[PDB]
Amino acid sequence: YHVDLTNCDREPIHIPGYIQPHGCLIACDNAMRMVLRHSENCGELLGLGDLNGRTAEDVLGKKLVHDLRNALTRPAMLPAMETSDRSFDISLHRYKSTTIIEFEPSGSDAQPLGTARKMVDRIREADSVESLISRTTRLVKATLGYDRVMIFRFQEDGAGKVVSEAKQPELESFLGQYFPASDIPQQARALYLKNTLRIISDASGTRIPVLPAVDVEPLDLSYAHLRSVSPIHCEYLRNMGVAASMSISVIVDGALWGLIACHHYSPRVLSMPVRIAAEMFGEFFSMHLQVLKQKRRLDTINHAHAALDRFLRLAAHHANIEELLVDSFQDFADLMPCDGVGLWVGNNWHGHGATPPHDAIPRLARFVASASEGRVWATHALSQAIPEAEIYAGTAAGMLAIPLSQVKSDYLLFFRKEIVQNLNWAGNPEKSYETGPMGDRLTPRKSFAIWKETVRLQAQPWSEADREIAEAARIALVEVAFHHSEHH
Amino acid sequence: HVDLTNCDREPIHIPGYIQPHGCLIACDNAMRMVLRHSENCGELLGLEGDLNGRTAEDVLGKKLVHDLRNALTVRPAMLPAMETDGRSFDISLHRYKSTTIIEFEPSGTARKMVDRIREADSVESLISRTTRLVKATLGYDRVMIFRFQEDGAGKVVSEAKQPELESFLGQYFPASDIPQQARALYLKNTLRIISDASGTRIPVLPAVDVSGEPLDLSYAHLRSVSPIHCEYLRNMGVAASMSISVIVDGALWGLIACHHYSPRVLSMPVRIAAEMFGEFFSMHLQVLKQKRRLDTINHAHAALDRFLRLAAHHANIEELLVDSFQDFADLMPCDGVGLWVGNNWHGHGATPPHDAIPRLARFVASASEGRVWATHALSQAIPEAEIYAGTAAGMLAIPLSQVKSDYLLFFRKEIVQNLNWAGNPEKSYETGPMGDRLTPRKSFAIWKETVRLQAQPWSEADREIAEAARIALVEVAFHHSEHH
Ligand SMILES: *C/C=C1/C(=C/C2=NC(=C\c3[nH]c(/C=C4/NC(=O)C(C=C)=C4C)c(C)c3CCC(=O)O)/C(CCC(=O)O)=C2C)NC(=O)[C@H]1C
Ligand SMILES: *C/C=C1/C(=C/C2=NC(=C\c3[nH]c(/C=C4/NC(=O)C(C=C)=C4C)c(C)c3CCC(=O)O)/C(CCC(=O)O)=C2C)NC(=O)[C@H]1C
Ligand SMILES: [Cl-]
Ligand SMILES: [Cl-]
């Protein structure tokens, strides 16, 4: 009946009963024969009496309904459609056996293909994920004219990290900030996956009711670009000073990688033709990112194999493998991202970088021995496995253990610091936010504080690539040990 | 003069002629002056006299030269339905070797073709349907795909044809049937057009300029065809062709080859659609090929992990391998596998005889540095291997020890033994002056001779799977000693 902080995790944001006022909406039966529903502003916007029950040809003219019926062969995006009286940008789709027609007054626009080609040409030569992600916020802001453009990337736990930002010089920075998974509820994530673009013209605009809200059953606006916005998010945006937004969904391995989020501090909406271009840019961006990400993964795997092969050849001419490992173990830190590495062999410890103290190591080795079946064991939350590890979480909150034997509890141990310790936040800790009725929950400062609490005593998770490199290292050492036993 | 003795280095990029389905003007780098023109420019464009030493503005007019200069500030630019006298020409424009080349032909599809391949979810399904679709859409008598082999031979892997034509499906041609300069131009250009294999070539005037420079037609679509290739097509009864280059990992994977038994050239708009289809085909093939490779590697890892878990509760690893070795044949394509341990042989499928294994095991022990050793030409390494080439022409050897010459051996048959050729051995061909050489029958016979006593090469993927198997066995052996 009324959304608040206790139920916003389940708000039915796909059936709000309202649209935003920058266009009007007509809902027809699946044949587009009769008008079933309309937004209240259809009269004003299109120049029409009482719309429900009239035929589509009566309301819109036979010529337009004919062209629209043809188009029904993603919603169809049809700029500069000639109405019976003027030009309208029309979005047309069928869902839940309902035809939804969305109208915006047409302006003067370039062909979307040409706008998109200009943008795509300025990222297509990026040859690292870093270079693509940093340039894209600057390019999008320059092309679309928003006050702020950010990219955020979803973390393994569903949190967002802001990884790129272009902004007006007077704004606060969010670069290197995180927000908790709960800042974007599951239904919003489902709709970001389904729709390339999400448009908010005015976070404080009066909603326009869909007549009727409930029929003789609510209207499913999942694919309607005019669909109204959650009061919770509108309040969040108002607290930030944001009045408008457009997000471009980033799809990698068929899932929602993150968003290109465009924010404006005054009501703002892009023409349909520029939105078509943005959608084409989004598709290209996603594919180029996926290709760069794959090449980065391949290069990091090949780097590890090259290093471990050098180690195999080195060890072949060494009578004392323990001594070689005591002299060499620091070099293994270069296989994967870590803040420390150590060697635990025959109840003797050797450490490099950020590691637990020497006295803490026996408890860690005993735990891994009990917990693993002679393969790699890794956690990003040590205190959860070993309460005692809380004391040294600042230095080492995460551990990946590579067994050196199936008959002795000897390990190569990799460590990561508590994630808050490696923050590179460009933001202003003295920047404060106004609130509304829901209070300070709906502010970036509180979002960030909630995130910090969700990852307290935790490190950056060990990725599938980190685990693949650990397995390669485990195997290379089995091989060093076996050939050593063969030849001695 | 080209013949079979020098066609391997024919300078086909500077032939001094064009095909008759358009005309060509060569200007300086700034498109100021006409330097060369095809002899048919007068007839096609309604121009009189020697065009050389006339300004581009004179010959083309102020509007066209302005438009072409603008197109130049941007692959060759394709400008369909340009206004000349108010006539319409499809214009191709490019710059190469400080020369502007302008090509003229008297004057939707891509989305429809791409939509019919985009849902293919195997390389087999994509390449099977593509010949059918291209034939139906572009209206050629035959459409084939061939894929280049590691030695540069072509294998015909897909075919759509008129029911009255002979089949080339499963046929190979040797690397020499496509010379190195032809391969370079197939890599550089998405499309290669032959409007008429019996068309009279049109000279470029002059062929060699006052400075002694030929005109480099590397990027010109009207570039004329080697007399060697025209004779080959005339022997087949082919009169016209268009190829779409297939690019995988930035290299020439093969061609989509469209053949017509009468003259044929597609309009520039349809060619632009075919090029867009070719780019999509290449990217979709690359994606499907990667997926197949990943699935094959993961399949091998899953099997080897099952072998590792199985081995952990076995006291006698030699016995488990004697009982299990035949399953290792499922890791990579092979016709046979066997286990050579403590000088005892266990074989499955097509292998050399019992008597032959010591010599092979001896050779690998001497040849390898304790890692995987593989050849597809056993007789080259070991002359007496010729005797059993029919059964086993290729061998991949996985060491089971660095102190004992114990091996897991994989074998492949002589490649001619695994042939699946759909052609007619009684179909014969007319020949011209160069003779028998320029016929599909002779090309196939030459290929067979180049691969005699050889198997299918062990791929980079086969070798990665062999390395995984070598390592899994090291792990079995080590954990066994750890607990025994
Ligand atoms: C219980 C429900 C809540 C909720 C719902 C919604 N959030 C939606 C969008 C959204 N929210 C944010 C969060 C931010 N946290 C920050 O710290 C921060 C900036 C510093 C932001 C912007 C983000 C990032 C987004 C994504 C859109 C964008 O990036 O612009 C949302 C959907 C809105 C829509 O219909 O378009 C809903 C619903 N937000 C909460 O905080 C809670 C409590
Ligand atoms: C010494 C030079 C030779 C030579 C030159 C050229 N070949 C070119 C193209 C070409 N040749 C073939 C060969 C085939 N072998 C078959 O068995 C067979 C059919 C069953 C064919 C068609 C192929 C496949 C091609 C590629 C084009 C296509 O697939 O249609 C060539 C380039 C021509 C150009 O400029 O377009 C040159 C030059 N061919 C020889 O046989 C030798 C001796
Ligand atoms: Cl507005
Ligand atoms: Cl990434």
Side-chain angles (χ1 to χ4, degrees), chain A residues 73 114 118 121 124 127 253-254 280 284 286-288 290-291 293-295 297-298 301-302 305-306 308-309 312-313 315-317 321 374 376 402-407 409-410 464 467-468 471-488, chain B residues 108 110 112 115 118 121 249-250 272 276 279-280 283-284 286-287 289-291 293-294 297-298 301-302 304-305 308-309 311-313 317 370-372 398-406 460 463-464 467-484:
Chain A
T73 76
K118 273 186 193 299
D121 285 341
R124 75 160 62 251
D127 69 357
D253 296 339
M280 297 178 175
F284 190 89
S286 282
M287 294 185 297
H288 197 47
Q290 188 162 314
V291 167
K293 182 177 197 290
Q294 280 175 25
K295 165 68 171 165
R297 193 190 186 285
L298 177 63
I301 299 301
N302 287 350
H305 289 303
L308 293 169
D309 289 352
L312 277 166
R313 286 188 254 109
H317 69 70
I321 298 305
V376 178
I402 309 186
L404 309 183
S405 161
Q406 275 185 11
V407 299
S409 54
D410 292 346
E464 60 78 22
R467 287 165 184 279
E468 178 169 341
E471 171 67 5
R474 188 188 63 81
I475 295 297
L477 294 170
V478 167
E479 189 154 7
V480 165
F482 182 62
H483 301 318
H484 187 81
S485 82
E486 285 182 308
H487 291 291
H488 296 80
Chain B
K112 287 173 185 167
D115 286 348
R118 68 185 325 125
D121 65 359
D249 299 331
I272 291 160
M276 289 173 187
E279 282 181 32
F280 190 91
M283 298 185 287
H284 194 55
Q286 188 163 308
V287 164
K289 177 177 193 289
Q290 286 177 351
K291 171 60 163 154
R293 188 188 186 285
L294 176 64
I297 305 300
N298 285 346
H301 286 313
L304 292 173
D305 286 339
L308 263 167
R309 288 191 256 95
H313 64 253
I317 296 304
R371 217 96 149 188
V372 178
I398 304 182
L400 306 190
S401 174
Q402 290 193 347
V403 289
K404 286 181 267 201
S405 56
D406 292 341
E460 65 78 21
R463 290 168 180 275
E464 183 176 321
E467 175 64 7
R470 184 182 69 72
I471 283 166
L473 296 176
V474 164
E475 270 211 77
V476 166
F478 186 60
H479 301 315
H480 187 73
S481 69
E482 277 182 306
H483 306 294
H484 295 83

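Numbers restart at 1 for each chain; the letters A, B, ... are given by sequence-line order, proteins then strands. What you see below is based on every heavy atom in this structure, not just the backbone, and it leaves out hydrogens, waters and symmetry mates.
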Heavy atoms of A/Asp309 and B/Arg371 approach each other most closely as OD1-NH2, 3.9 Å
Rounded to the nearest 0.5 Å, the CD atom of B/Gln402 sits from the NE2 atom of A/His484 at a distance of 12.5 Å
All heavy atoms of B/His479 vs all of A/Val478, minimum pair found to be CE1-CG2, 4.1 Å
The reported gap from CE in A/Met287 to CE in B/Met283 (rounded to nearest 0.5 angstrom) is 7.5 Å
Between A/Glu486 and B/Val403, the two heavy atoms sitting closest are O-CG1, 3.5 Å
Sequence neighbours excluded, the answer for side chain to side chain donor-acceptor pair (under 3.5 Å) partners of A/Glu468 is A/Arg297
